[PDB]
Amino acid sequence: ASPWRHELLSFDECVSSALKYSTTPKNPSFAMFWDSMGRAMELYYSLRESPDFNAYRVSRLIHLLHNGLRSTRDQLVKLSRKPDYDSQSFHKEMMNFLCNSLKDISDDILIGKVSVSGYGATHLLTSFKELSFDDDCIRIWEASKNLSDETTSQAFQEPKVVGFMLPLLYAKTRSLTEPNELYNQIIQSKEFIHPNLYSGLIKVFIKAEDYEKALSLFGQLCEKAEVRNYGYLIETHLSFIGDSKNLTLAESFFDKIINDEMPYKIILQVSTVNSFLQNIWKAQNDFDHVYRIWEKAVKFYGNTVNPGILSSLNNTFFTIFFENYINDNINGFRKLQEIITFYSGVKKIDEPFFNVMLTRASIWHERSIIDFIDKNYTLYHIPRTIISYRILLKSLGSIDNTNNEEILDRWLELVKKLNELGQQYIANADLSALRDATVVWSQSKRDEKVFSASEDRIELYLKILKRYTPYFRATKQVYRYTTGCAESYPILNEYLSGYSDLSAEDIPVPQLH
């Protein structure tokens, strides 16, 4: 027959080319991969009317969109900094495109236009899980039971699809009935048991803290696992680290990665490490235990991982640090120096390391720690981004020992660094830092006097807003940081009746905008 022959042929070449790229270890291949996705998705809306659009072709497309989500997340962490929320970014639009593309395919399956296999069903539901749509995963799965096409309905009931579903079902129902029945069948079964069924059942038992059943299934999973498809052992192993409430079992599995004890490769996934650090802090309140695990993670990473990974780790660590030393900047400052010395001994210091430290140090409300971090950027020869200059301006809102001159200086140096790094206009995060250093500080000191029972920063704030308005990303930022900001900080309302007639006296000196 072949009415849609050319579109079917190009779809197979497209999907296979991009799937091979995303499974093998800007650039022409990078551009090909992302253009192959839009083209394949474009062909999908035409080929869904064809009868030769089998479950295999749909499943290969769903897998490809899944790898697109994986690649988009990877690209976000490889950047020198996260893009501003209010500006255009490849990460945001590509994520929405993949997500919307996955919605259209899920709806076409729930209606019956296209068929899907158990392999395609798992990538569809895993994708929606990675998009934080757990409840939608349960609806799609249970709606597959009452489908006309019994073949696709049977695919959603295959063991590997059930394996993905078990952790979501235990989160909702908290029922161990169906899991324990499956445990009795699987432990003594001589038949083929899909590794993803092992994985989901292990994860349930880890959350349920029935660790003996979790470790027993884990041993069977290991002896049966195939070298080419060993990733099931990675998910379960990491689950023991980040999900086990028994910290002694979690740390043993953590050491198995540090000491390279396992027969399979495994990444020290920072999300898993962060959850492990948080569980130690919530359960033990032992900062030394948190500090010892953080030290092992930093030495494990070294220079092998992206700076965005260590940034996420240091975020968790310094958040715990400044909660522990919330009322002790004296012993805290000595401990920070030990942390800086250790971190220097592992690798060259990255900027997010000091950015997180400076951000969280606002609880101390002292100027010495601000000048200490600012000095260390130059001392350790840190590649600078605009994040530091934003935080250095924001930090002035947590101390009283400063003047409108220093607020201007740290604002001017931020605008300079914006144009030095080729930034187009002034983003929301830039104005939010100036607002936090003026309006929030003034509202804070005002609320203290009411609760208790270079003289004005709000005037400088409104002067810079009006002076630098033509450099804004959008003129709607004027309403956002004036009338809209007054709804949250009412002390701005008493300065705003005469904003239209206000004059400005500042010192811009731009370059590239």
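Position 1 is the first residue in the sequence shown; the rest follow in order.
Where coordinates are absent for parts of the deposited sequence, a chain break appears; between neighbours residue 453 and residue 454 it spans 10 or more residues. Going from residue 25 to residue 26, you skip over 10 or more residues of the deposited sequence that the entry leaves unmodelled. Higher mean CA temperature factor, per the PDB entry, when comparing 268-276 with 99-107: 99-107. Taking only CA atoms, the mean B-factor in the PDB entry is higher for 404-412 than for the other of 73-81 and 404-412. For the set 324, 359, 185, 89, the PDB entry puts the maximum C-alpha B factor at 185.
Set against one another, the Cα B-factors of 296, 390, 381, 289 in the record reach their highest point at 381. In the PDB entry, a CA B factor belonging to the lowest third of its chain's modelled residues is recorded for residue 64.
The deposited CA B-factor of residue 394 belongs to the lowest third of values across its chain. Looking at the C-alpha B-factors along this chain, the one for residue 328 belongs to the lowest third.
Ranked by C-alpha B-factor against the other modelled residues of its chain, residue 307 falls in the middle third. Looking at the C-alpha B-factors along this chain, the one for residue 492 belongs to the highest third.
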